[PDB]
Amino acid sequence: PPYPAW
Amino acid sequence: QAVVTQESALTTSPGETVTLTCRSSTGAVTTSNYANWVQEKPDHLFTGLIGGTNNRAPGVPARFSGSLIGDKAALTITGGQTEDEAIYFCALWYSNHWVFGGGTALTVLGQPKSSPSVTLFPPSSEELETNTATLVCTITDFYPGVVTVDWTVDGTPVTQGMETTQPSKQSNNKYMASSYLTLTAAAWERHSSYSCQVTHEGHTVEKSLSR
Amino acid sequence: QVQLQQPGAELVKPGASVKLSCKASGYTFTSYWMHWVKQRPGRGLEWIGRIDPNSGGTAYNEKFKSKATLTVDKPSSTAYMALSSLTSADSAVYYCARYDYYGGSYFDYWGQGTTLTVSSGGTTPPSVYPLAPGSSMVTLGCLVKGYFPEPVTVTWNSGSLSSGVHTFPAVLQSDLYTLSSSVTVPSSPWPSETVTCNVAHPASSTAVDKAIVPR
């Protein structure tokens, strides 16, 4: 479940 | 950190609904695993179909949909098409990296199943003059596309010095494969019998010869 | 039509680096992320990392954190992945895949991948052998044995043979390659008129013509 700026 | 595991192979018929699943080992596959499904076709043809568990990629036929069946993610092909015969991968996101599954070979019978045409070739005199001998088993026109090859020397199951090609799809839509038994020139001279057995769905086809 | 082109093969030596290219086209290069996957048969797929054209900001799979380096070139619109201290364990097929994240979210488009073969092995010409039958349709073959590297071309009767023809993928036997081809023909033309197997191996610049006869 995520990690950046998307 | 997570081994994603998919069904080995599945077989459906044109017009039916088939379901491929995807087990995560950390626990139940959720909506934050953003399960992705990928279709693989001959000649490295990789296409994305569903992303974020149930989001169909633009252009993907409507008969494809992704979802969650219990504690897993699943791919459902409604009215499976002859062209859907491909291998399908699963992809689960885990907090900063994707992990893929083994992949499921899908067969939608697109034609009647045929047993393979086996042919065994003894080594050529040409080769034996180099102190080594190779037995060649060409396996063609079998569908669906999976077979197991079993070799023997003097009725005994052999062992070692053997190599089998992965199935390969032909133009008429069936599959082909070949297998090899490598011997020292003398080993081929020690033994008398040689047979290539090919199992295709519980059904065996064999070709034997004698030096 | 969205496409991503990558070299089909690259031969490199253990302990060196390679820079794999993945040319994109058919859209705006900076609006989609680019991911790289590693494939070795028996080992499924392995996600290496991801890059975004704009920031150049990466997210690496921790196992490839110091092995791979993702990079891009805006004007040419191509993504790059550099593998550094190459060894036999880096021989695999490397794919680039596009992923959308703002208006959808998924992997969509994939290039065909570059099969990387990391070895020091010298060129090795294949030894070609005629495959004559085992005694209404007879099967003949041609054994292309122990050549390196890939890849070796096989045709029959100079192109005169179309169907019945089957060139199998290559298998690896002792760090050297081996494949073969088959041709099934009515039992009316063989031996009668003969079939000619034509093998070529670029690396050793070698072509071997072979007529199959009944010994």
# chains A, B, ... in the order shown; residues from 1 in each chain; ligands from 1
>>> residues_around(residues="residue 3 of chain A", least_positions_apart="4", cutoff="10 Å", atoms="only C-alpha atoms", output="ChimeraX atom specification")
/B:95-97 /C:59
>>> write_last_selection(atoms="N, CA and C atoms", output="compact mmCIF listing (two decimals), in the first residue's frame")
# COMPACT_ATOMS: atom_id res chain seq x y z
N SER B 95 3.30 -2.70 0.27
CA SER B 95 3.90 -1.54 0.94
C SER B 95 5.09 -0.82 0.30
N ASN B 96 5.54 -1.27 -0.87
CA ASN B 96 6.66 -0.62 -1.53
C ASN B 96 7.33 -1.50 -2.58
N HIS B 97 6.69 -2.63 -2.89
CA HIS B 97 7.24 -3.52 -3.91
C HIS B 97 6.22 -4.58 -4.31
N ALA C 59 11.88 3.95 -6.95
CA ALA C 59 11.45 3.08 -5.87
C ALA C 59 12.05 1.76 -6.33
>>> residues_around(residues="residue 2 of chain A", least_positions_apart="5", cutoff="12 Å", atoms="only C-alpha atoms", output="list in words")
residues 31, 32, 33, 34, 52, 92, 93, 94, 95, 96, 97 and 98 of chain B; 59, 101 and 105 of chain C
>>> residues_around(residues="segment 117-119 of chain C", least_positions_apart="6", cutoff="12 Å", atoms="only C-alpha atoms", output="PyMOL selection string")
chain C and resi 8-18+40+83-94+148-151+175-176
>>> residues_around(residues="residue 192 of chain B", least_positions_apart="6", cutoff="8 Å", atoms="only C-alpha atoms", output="PyMOL selection string")
chain B and resi 153-154+210-211
>>> closest_residue(among="B:194, B:175, B:142, B:100", to="chain C", atoms="only C-alpha atoms")
B:100
>>> interface_residues(of="chain C", to="chain A", cutoff="12 Å", atoms="only C-alpha atoms", output="list in words")
residues 31, 32, 33, 50, 51, 52, 54, 55, 57, 58, 59, 60, 99, 100, 101, 102, 103, 104, 105 and 106 of chain C
>>> write_last_selection(atoms="N, CA, C and O atoms", output="short mmCIF file (atom, residue, chain, number, x, y, z; two decimals), in the first residue's frame")
data_model
loop_
_atom_site.label_atom_id
_atom_site.label_comp_id
_atom_site.auth_asym_id
_atom_site.auth_seq_id
_atom_site.Cartn_x
_atom_site.Cartn_y
_atom_site.Cartn_z
N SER C 31 3.87 11.05 -18.49
CA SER C 31 2.64 10.86 -17.72
C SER C 31 2.40 9.44 -17.21
O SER C 31 1.38 9.14 -16.58
N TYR C 32 3.35 8.55 -17.47
CA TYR C 32 3.22 7.17 -17.03
C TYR C 32 4.52 6.70 -16.39
O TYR C 32 5.62 7.14 -16.78
N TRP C 33 4.41 5.82 -15.41
CA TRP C 33 5.58 5.29 -14.73
C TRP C 33 6.14 4.14 -15.53
O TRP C 33 5.42 3.51 -16.31
N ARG C 50 10.96 0.87 -10.19
CA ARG C 50 10.07 1.73 -10.93
C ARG C 50 10.71 3.10 -11.05
O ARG C 50 11.54 3.48 -10.22
N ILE C 51 10.36 3.83 -12.10
CA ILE C 51 10.89 5.16 -12.27
C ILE C 51 9.74 5.99 -12.82
O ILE C 51 8.77 5.45 -13.36
N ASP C 52 9.83 7.30 -12.61
CA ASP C 52 8.90 8.25 -13.20
C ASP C 52 9.67 9.27 -14.01
O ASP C 52 10.69 9.80 -13.57
N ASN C 54 9.33 12.30 -14.95
CA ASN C 54 9.47 13.70 -14.51
C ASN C 54 10.50 13.90 -13.40
O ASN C 54 11.55 14.54 -13.61
N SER C 55 10.21 13.36 -12.23
CA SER C 55 11.12 13.48 -11.10
C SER C 55 12.40 12.71 -11.38
O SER C 55 13.51 13.21 -11.18
N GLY C 57 12.44 10.18 -9.98
CA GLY C 57 12.30 9.57 -8.67
C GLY C 57 12.04 8.09 -8.75
O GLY C 57 11.10 7.65 -9.42
N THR C 58 12.87 7.31 -8.06
CA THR C 58 12.73 5.87 -8.08
C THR C 58 12.29 5.21 -6.78
O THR C 58 12.30 5.79 -5.69
N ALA C 59 11.88 3.95 -6.95
CA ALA C 59 11.45 3.08 -5.87
C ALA C 59 12.05 1.76 -6.33
O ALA C 59 11.63 1.21 -7.35
N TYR C 60 13.04 1.28 -5.59
CA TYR C 60 13.70 0.03 -5.95
C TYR C 60 13.27 -1.13 -5.08
O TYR C 60 12.99 -0.96 -3.89
N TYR C 99 2.94 1.89 -16.47
CA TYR C 99 1.92 1.81 -15.44
C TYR C 99 1.27 3.19 -15.31
O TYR C 99 1.99 4.18 -15.24
N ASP C 100 -0.06 3.27 -15.32
CA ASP C 100 -0.75 4.56 -15.17
C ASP C 100 -1.21 4.67 -13.72
O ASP C 100 -1.63 3.68 -13.11
N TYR C 101 -1.15 5.89 -13.17
CA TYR C 101 -1.46 6.13 -11.76
C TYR C 101 -2.37 7.32 -11.49
O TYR C 101 -2.71 7.59 -10.32
N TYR C 102 -2.75 8.07 -12.53
CA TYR C 102 -3.63 9.23 -12.33
C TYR C 102 -4.73 9.32 -13.41
O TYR C 102 -4.63 10.08 -14.39
N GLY C 103 -5.78 8.53 -13.18
CA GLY C 103 -6.91 8.44 -14.09
C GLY C 103 -7.29 6.97 -14.25
O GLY C 103 -8.28 6.67 -14.92
N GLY C 104 -6.50 6.08 -13.64
CA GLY C 104 -6.75 4.63 -13.69
C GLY C 104 -6.04 3.80 -12.61
O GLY C 104 -6.64 3.51 -11.56
N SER C 105 -4.79 3.41 -12.87
CA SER C 105 -3.93 2.61 -11.97
C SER C 105 -3.77 1.10 -12.27
O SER C 105 -4.58 0.28 -11.81
N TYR C 106 -2.72 0.75 -13.02
CA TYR C 106 -2.39 -0.63 -13.44
C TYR C 106 -1.19 -0.70 -14.41
O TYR C 106 -0.68 0.33 -14.84
#
>>> select_by_dssp(residues="segment 63-120 of chain C", states="strand (DSSP E)", output="ChimeraX atom specification")
/C:68-73,78-83,92-99,114-118
>>> write_last_selection(atoms="N, CA and C atoms", output="PDB file, in the first residue's frame")
ATOM      1  N   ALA C  68      20.668  -2.652  -9.683  1.00  0.00           N
ATOM      2  CA  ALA C  68      20.081  -1.933 -10.793  1.00  0.00           C
ATOM      3  C   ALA C  68      20.044  -0.429 -10.569  1.00  0.00           C
ATOM      4  N   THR C  69      19.941   0.299 -11.678  1.00  0.00           N
ATOM      5  CA  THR C  69      19.869   1.752 -11.677  1.00  0.00           C
ATOM      6  C   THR C  69      18.931   2.169 -12.801  1.00  0.00           C
ATOM      7  N   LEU C  70      17.765   2.678 -12.428  1.00  0.00           N
ATOM      8  CA  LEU C  70      16.785   3.129 -13.405  1.00  0.00           C
ATOM      9  C   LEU C  70      17.095   4.570 -13.778  1.00  0.00           C
ATOM     10  N   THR C  71      16.898   4.903 -15.042  1.00  0.00           N
ATOM     11  CA  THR C  71      17.181   6.248 -15.510  1.00  0.00           C
ATOM     12  C   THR C  71      16.376   6.466 -16.788  1.00  0.00           C
ATOM     13  N   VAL C  72      16.137   7.724 -17.153  1.00  0.00           N
ATOM     14  CA  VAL C  72      15.407   8.026 -18.390  1.00  0.00           C
ATOM     15  C   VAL C  72      16.011   9.208 -19.152  1.00  0.00           C
ATOM     16  N   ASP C  73      15.651   9.307 -20.432  1.00  0.00           N
ATOM     17  CA  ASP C  73      16.097  10.401 -21.282  1.00  0.00           C
ATOM     18  C   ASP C  73      14.869  10.956 -21.984  1.00  0.00           C
ATOM     19  N   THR C  78      13.135   7.414 -23.882  1.00  0.00           N
ATOM     20  CA  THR C  78      13.442   6.028 -23.566  1.00  0.00           C
ATOM     21  C   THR C  78      13.896   5.853 -22.124  1.00  0.00           C
ATOM     22  N   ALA C  79      13.470   4.739 -21.524  1.00  0.00           N
ATOM     23  CA  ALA C  79      13.820   4.389 -20.144  1.00  0.00           C
ATOM     24  C   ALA C  79      15.060   3.496 -20.159  1.00  0.00           C
ATOM     25  N   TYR C  80      15.896   3.613 -19.130  1.00  0.00           N
ATOM     26  CA  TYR C  80      17.109   2.816 -19.042  1.00  0.00           C
ATOM     27  C   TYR C  80      17.258   2.120 -17.702  1.00  0.00           C
ATOM     28  N   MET C  81      17.841   0.931 -17.746  1.00  0.00           N
ATOM     29  CA  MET C  81      18.133   0.182 -16.537  1.00  0.00           C
ATOM     30  C   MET C  81      19.555  -0.340 -16.662  1.00  0.00           C
ATOM     31  N   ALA C  82      20.424   0.080 -15.756  1.00  0.00           N
ATOM     32  CA  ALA C  82      21.805  -0.371 -15.810  1.00  0.00           C
ATOM     33  C   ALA C  82      22.051  -1.413 -14.723  1.00  0.00           C
ATOM     34  N   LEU C  83      22.561  -2.570 -15.128  1.00  0.00           N
ATOM     35  CA  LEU C  83      22.869  -3.635 -14.182  1.00  0.00           C
ATOM     36  C   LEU C  83      24.361  -3.437 -13.972  1.00  0.00           C
ATOM     37  N   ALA C  92      18.999 -13.309 -17.536  1.00  0.00           N
ATOM     38  CA  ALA C  92      17.551 -13.404 -17.482  1.00  0.00           C
ATOM     39  C   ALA C  92      16.936 -12.527 -18.571  1.00  0.00           C
ATOM     40  N   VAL C  93      15.610 -12.489 -18.629  1.00  0.00           N
ATOM     41  CA  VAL C  93      14.938 -11.642 -19.594  1.00  0.00           C
ATOM     42  C   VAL C  93      14.482 -10.424 -18.795  1.00  0.00           C
ATOM     43  N   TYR C  94      14.762  -9.234 -19.321  1.00  0.00           N
ATOM     44  CA  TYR C  94      14.421  -7.981 -18.652  1.00  0.00           C
ATOM     45  C   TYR C  94      13.385  -7.170 -19.426  1.00  0.00           C
ATOM     46  N   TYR C  95      12.208  -7.016 -18.813  1.00  0.00           N
ATOM     47  CA  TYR C  95      11.097  -6.284 -19.403  1.00  0.00           C
ATOM     48  C   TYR C  95      10.870  -4.925 -18.770  1.00  0.00           C
ATOM     49  N   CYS C  96      10.341  -4.016 -19.580  1.00  0.00           N
ATOM     50  CA  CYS C  96       9.966  -2.692 -19.124  1.00  0.00           C
ATOM     51  C   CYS C  96       8.462  -2.686 -19.290  1.00  0.00           C
ATOM     52  N   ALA C  97       7.764  -2.119 -18.330  1.00  0.00           N
ATOM     53  CA  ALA C  97       6.332  -2.085 -18.435  1.00  0.00           C
ATOM     54  C   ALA C  97       5.848  -0.739 -17.946  1.00  0.00           C
ATOM     55  N   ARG C  98       4.868  -0.200 -18.659  1.00  0.00           N
ATOM     56  CA  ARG C  98       4.285   1.092 -18.342  1.00  0.00           C
ATOM     57  C   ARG C  98       3.151   0.894 -17.321  1.00  0.00           C
ATOM     58  N   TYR C  99       2.938   1.889 -16.471  1.00  0.00           N
ATOM     59  CA  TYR C  99       1.918   1.808 -15.438  1.00  0.00           C
ATOM     60  C   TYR C  99       1.274   3.191 -15.311  1.00  0.00           C
ATOM     61  N   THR C 114      14.471  -7.931 -23.147  1.00  0.00           N
ATOM     62  CA  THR C 114      15.796  -8.221 -23.657  1.00  0.00           C
ATOM     63  C   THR C 114      16.333  -9.425 -22.894  1.00  0.00           C
ATOM     64  N   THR C 115      16.682 -10.490 -23.607  1.00  0.00           N
ATOM     65  CA  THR C 115      17.250 -11.642 -22.929  1.00  0.00           C
ATOM     66  C   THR C 115      18.726 -11.332 -22.744  1.00  0.00           C
ATOM     67  N   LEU C 116      19.131 -11.210 -21.484  1.00  0.00           N
ATOM     68  CA  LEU C 116      20.518 -10.926 -21.154  1.00  0.00           C
ATOM     69  C   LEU C 116      21.195 -12.250 -20.844  1.00  0.00           C
ATOM     70  N   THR C 117      22.343 -12.476 -21.470  1.00  0.00           N
ATOM     71  CA  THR C 117      23.122 -13.684 -21.243  1.00  0.00           C
ATOM     72  C   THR C 117      24.507 -13.234 -20.779  1.00  0.00           C
ATOM     73  N   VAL C 118      24.811 -13.430 -19.497  1.00  0.00           N
ATOM     74  CA  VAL C 118      26.107 -13.015 -18.941  1.00  0.00           C
ATOM     75  C   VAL C 118      27.082 -14.189 -18.892  1.00  0.00           C
TER      76      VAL C 118
END
>>> interface_residues(of="chain B", to="chain C", cutoff="7 Å", atoms="only C-alpha atoms", output="MDAnalysis selection string")
chainID B and resid 36 44:52 57 97:102 120:121 124 126:127 163 165 177:178 209
>>> write_last_selection(atoms="N, CA, C and O atoms", output="short mmCIF file (atom, residue, chain, number, x, y, z; two decimals), in the first residue's frame")
data_model
loop_
_atom_site.label_atom_id
_atom_site.label_comp_id
_atom_site.auth_asym_id
_atom_site.auth_seq_id
_atom_site.Cartn_x
_atom_site.Cartn_y
_atom_site.Cartn_z
N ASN B 36 -2.88 -6.97 -9.42
CA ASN B 36 -2.81 -6.70 -10.85
C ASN B 36 -2.82 -8.05 -11.55
O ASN B 36 -2.29 -9.02 -11.03
N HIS B 44 6.71 -13.59 -26.06
CA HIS B 44 6.76 -12.60 -24.98
C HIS B 44 5.69 -11.50 -25.04
O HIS B 44 5.97 -10.34 -24.73
N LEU B 45 4.46 -11.84 -25.41
CA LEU B 45 3.39 -10.85 -25.53
C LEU B 45 2.69 -10.50 -24.20
O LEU B 45 1.61 -11.01 -23.92
N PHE B 46 3.29 -9.60 -23.42
CA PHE B 46 2.76 -9.19 -22.11
C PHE B 46 1.77 -8.03 -22.09
O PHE B 46 2.13 -6.89 -22.36
N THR B 47 0.52 -8.30 -21.70
CA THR B 47 -0.53 -7.28 -21.65
C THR B 47 -1.17 -7.14 -20.27
O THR B 47 -1.49 -8.14 -19.63
N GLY B 48 -1.37 -5.91 -19.82
CA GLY B 48 -2.03 -5.68 -18.54
C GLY B 48 -3.54 -5.70 -18.74
O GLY B 48 -4.04 -5.12 -19.71
N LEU B 49 -4.28 -6.35 -17.84
CA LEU B 49 -5.74 -6.45 -17.98
C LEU B 49 -6.52 -5.78 -16.86
O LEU B 49 -7.49 -5.06 -17.11
N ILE B 50 -6.10 -6.03 -15.62
CA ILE B 50 -6.77 -5.47 -14.46
C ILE B 50 -5.74 -4.96 -13.46
O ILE B 50 -4.68 -5.57 -13.26
N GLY B 51 -6.06 -3.82 -12.85
CA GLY B 51 -5.19 -3.20 -11.88
C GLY B 51 -6.02 -2.68 -10.72
O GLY B 51 -7.19 -2.35 -10.92
N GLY B 52 -5.44 -2.61 -9.52
CA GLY B 52 -6.19 -2.16 -8.36
C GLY B 52 -7.37 -3.07 -8.04
O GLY B 52 -8.47 -2.59 -7.73
N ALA B 57 -7.99 -2.47 -17.59
CA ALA B 57 -7.14 -1.58 -18.36
C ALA B 57 -7.91 -1.13 -19.59
O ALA B 57 -8.67 -1.91 -20.17
N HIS B 97 6.69 -2.63 -2.89
CA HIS B 97 7.24 -3.52 -3.91
C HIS B 97 6.22 -4.58 -4.31
O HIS B 97 5.46 -5.06 -3.47
N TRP B 98 6.22 -4.93 -5.59
CA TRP B 98 5.30 -5.94 -6.08
C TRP B 98 5.98 -7.28 -6.01
O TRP B 98 7.21 -7.37 -6.05
N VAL B 99 5.17 -8.31 -5.89
CA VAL B 99 5.64 -9.69 -5.86
C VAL B 99 4.72 -10.36 -6.86
O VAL B 99 3.52 -10.09 -6.89
N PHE B 100 5.27 -11.23 -7.69
CA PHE B 100 4.46 -11.89 -8.69
C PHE B 100 4.22 -13.34 -8.33
O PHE B 100 4.92 -13.90 -7.49
N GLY B 101 3.20 -13.92 -8.96
CA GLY B 101 2.85 -15.30 -8.72
C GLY B 101 3.54 -16.14 -9.76
O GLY B 101 4.28 -15.62 -10.58
N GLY B 102 3.31 -17.45 -9.74
CA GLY B 102 3.94 -18.32 -10.71
C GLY B 102 3.32 -18.20 -12.08
O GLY B 102 3.99 -18.33 -13.10
N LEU B 120 11.20 -40.84 -32.79
CA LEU B 120 12.48 -40.97 -32.13
C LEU B 120 13.55 -41.19 -33.19
O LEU B 120 13.38 -42.00 -34.11
N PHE B 121 14.65 -40.45 -33.08
CA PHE B 121 15.74 -40.56 -34.03
C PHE B 121 17.01 -41.09 -33.41
O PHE B 121 17.56 -40.51 -32.47
N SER B 124 23.16 -40.26 -35.40
CA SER B 124 23.67 -40.42 -36.76
C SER B 124 25.10 -40.93 -36.67
O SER B 124 25.82 -40.62 -35.72
N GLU B 126 27.43 -39.96 -38.19
CA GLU B 126 28.19 -38.71 -38.18
C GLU B 126 28.57 -38.28 -36.77
O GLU B 126 29.71 -37.91 -36.50
N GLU B 127 27.58 -38.29 -35.88
CA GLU B 127 27.81 -37.90 -34.51
C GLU B 127 28.67 -38.90 -33.74
O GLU B 127 29.63 -38.52 -33.06
N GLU B 163 17.18 -33.70 -21.67
CA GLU B 163 16.70 -32.32 -21.75
C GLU B 163 15.43 -32.27 -22.59
O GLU B 163 15.35 -32.88 -23.66
N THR B 165 12.39 -29.63 -24.24
CA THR B 165 12.03 -28.25 -24.52
C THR B 165 10.67 -27.95 -23.91
O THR B 165 9.84 -28.85 -23.76
N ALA B 177 7.25 -29.92 -29.18
CA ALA B 177 8.32 -29.99 -28.21
C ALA B 177 9.24 -31.12 -28.64
O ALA B 177 8.84 -32.01 -29.38
N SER B 178 10.48 -31.06 -28.18
CA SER B 178 11.45 -32.10 -28.47
C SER B 178 12.19 -32.34 -27.17
O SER B 178 12.23 -31.48 -26.30
N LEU B 209 13.23 -48.15 -30.34
CA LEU B 209 14.12 -48.59 -31.40
C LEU B 209 15.18 -49.51 -30.78
O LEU B 209 15.21 -49.71 -29.57
#
>>> atom_distance(atom1="atom CA of residue 202 of chain C", atom2="atom CA of residue 122 of chain C")
13.4 Å
